[PDB]
Amino acid sequence: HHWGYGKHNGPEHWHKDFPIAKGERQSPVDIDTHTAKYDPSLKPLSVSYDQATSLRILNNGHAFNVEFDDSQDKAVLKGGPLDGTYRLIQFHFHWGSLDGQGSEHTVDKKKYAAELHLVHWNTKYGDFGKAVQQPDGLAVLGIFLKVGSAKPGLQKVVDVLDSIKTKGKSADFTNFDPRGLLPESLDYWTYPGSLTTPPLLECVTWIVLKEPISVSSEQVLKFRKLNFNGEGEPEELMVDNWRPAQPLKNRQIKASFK
Ligand SMILES: Cc1cccc(C(=O)[SeH])c1
Ligand SMILES: Cc1cccc(C(=O)[SeH])c1
Ligand SMILES: [Zn+2]
């Protein structure tokens, strides 16, 4: 009876196995754009993905991860609110059954169709497993998806999904360039939070970009053909793999822009 996104194992149940679900810095949150304060002391983000080495795509039963070689400083996130150098390990999405829901963060209560998470770990902690035990261990770059024009740089991801339909399936996924998933502007909001899935560890500096990327209805329809189940198990579409907004508590969301 493992955690998931169903009636019987979804976000309202997670606190029984993961009591930090009711913690002081849980994610996601609603971003109240009028309350977020411009912090003129933040720096421009530095997103340096030129040397990225993608390896593999995995359906883990909750989402799909595009995994990177993080055994060297290749693809790194620095600057903005961050102290030091954060190495890209994987990206994944959260998405809806319908275009009107799917994002985890909201903006003035607006839900986007999906949300991309580019996961990075602080290299001062040596490995990802050590980094998730630290309050500044991860930096996740969150990018909203709206449905309109296709995103050409997403199509290589879309077109491999039929090969990882079910939980535990993986496929080689080399030479994928995550720069093709970024919007034009790196204006962002930032706050201290958590993983949005179990184990819900409070180890994340969130950096949520203001500008969404546009994807086509056909692109997101292909996300929605994935399965939560394993091969040879009843088909359960992988949709609505998002956690709703959690209490902000004693936190401030800072803006990089006026
Ligand atoms: C996950 C999955 C299964 C079967 C077909 C598709 C298409 O892209 Se069409 C995707
Ligand atoms: C379980 C886990 C590990 C690393 C990152 C996440 C998210 O971005 Se949500 C979740
Ligand atoms: Zn995520």
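The figures that follow rest on heavy atoms only: side chains count, while hydrogens, waters and symmetry mates do not. Just so you know, residue 1 is the first one in the sequence shown, and it goes up from there.
One finds the CD atom of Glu236 at 11.5 Å from the CD atom of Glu233 (value rounded to the nearest 0.5 Å). With rounding to the nearest 0.5 angstrom, the CG atom of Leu200 is 11.5 Å from the NE2 atom of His15. Separating the CD atom in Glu104 from the OG1 atom in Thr196 is a distance of 3.5 Å, to the nearest 0.5 Å. One distance of note links NZ of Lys146 with NZ of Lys151; it measures 10.5 Å at 0.5 Å rounding. Once rounded to the nearest 0.5 Å, the distance linking SG of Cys203 with CG of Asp136 reads 9.5 Å. Note: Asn59 CG to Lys169 NZ = 9.5 Å, rounded to the nearest 0.5 Å.
Residues satisfying the ring-ring contact (aromatic ring centres under 6.0 Å, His included) test with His8, not counting sequence neighbours, are none. For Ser170, the side chain to side chain contact (heavy atoms under 4.5 Å, CB included) partners are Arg56, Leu58, not counting sequence neighbours. Every side chain to side chain contact (heavy atoms under 4.5 Å, CB included) that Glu218 has, sequence neighbours left out, goes to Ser216. Partners of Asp73 according to the salt bridge (charged side-chain N to carboxylate O under 4.0 Å, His left out) rule, which considers only residues two or more places apart in sequence or in another chain, are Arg87. Remark: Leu98 pairs with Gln101 by the side chain to side chain contact (heavy atoms under 4.5 Å, CB included) rule, at least two apart or across chains. Under the salt bridge (charged side-chain N to carboxylate O under 4.0 Å, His left out) criterion, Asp159 pairs with no residue, sequence neighbours left out. The ring-ring contact (aromatic ring centres under 6.0 Å, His included) check on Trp14 picks up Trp3, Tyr5, with sequence neighbours excluded. By the salt bridge (charged side-chain N to carboxylate O under 4.0 Å, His left out) test, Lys74 is found to be paired with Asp69, residues two or more places apart in sequence or in another chain being considered. In this view, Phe257 and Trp189 satisfy the ring-ring contact (aromatic ring centres under 6.0 Å, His included) rule, not counting sequence neighbours.
A ring-ring contact (aromatic ring centres under 6.0 Å, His included) check over residues 123-172, counting only residues at least two apart or in different chains, returns the pairs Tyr112-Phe144. Residue pairs meeting the salt bridge (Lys or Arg N to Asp or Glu O under 4.0 Å) criterion with at least one member in residues 13-37, sequence neighbours excluded: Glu24-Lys249. Residue pairs meeting the ring-ring contact (aromatic ring centres under 6.0 Å, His included) criterion with at least one partner in residues 210-232, sequence neighbours excluded, are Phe64-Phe223, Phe93-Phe223, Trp95-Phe223.
Counting only distance, with no hydrogens or angles, the side chain of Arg224 and the backbone of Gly96 share a donor-acceptor pair below 3.5 Å. Looking at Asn60, its side chain never comes within 3.5 Å of a backbone N or O of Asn65 through a donor-acceptor pair. Panel note: side chain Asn227, backbone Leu237; no donor-acceptor pair is recorded below 3.5 Å. In terms of modelled atom types and a separation under 3.5 Å, the side chain of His117 and the main chain of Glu115 share no donor-acceptor contact.
Salt bridge present: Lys165 and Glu235 bring a charged side-chain N and a carboxylate O closer than 4.0 Å.
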query = Between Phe91 and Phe176, is a ring-ring contact (aromatic ring centres under 6.0 Å, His included) present by the stated rule, with each step listed?
reply = CA-CA 11 Å; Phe91 72 78; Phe176 178 78; 5.7 Å; yes
task = Decide yes or no on ring-ring contact (aromatic ring centres under 6.0 Å, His included) for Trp242 and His105, but give the supporting numbers first.
result = CA-CA 9 Å; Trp242 52 275; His105 296 90; over 10 Å; no
query = Hey, mind stepping through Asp99 and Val220 against side chain to side chain contact (heavy atoms under 4.5 Å, CB included) and telling me if it holds?
reply = CA-CA 8 Å; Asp99 294 347; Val220 67; 4.0 Å; yes
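Aromatic ring centres of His1 and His13: separated by at least 6.0 Å.
Within the 4.5 Å cutoff, the side chain of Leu82 has heavy atoms near those of the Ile207 side chain.
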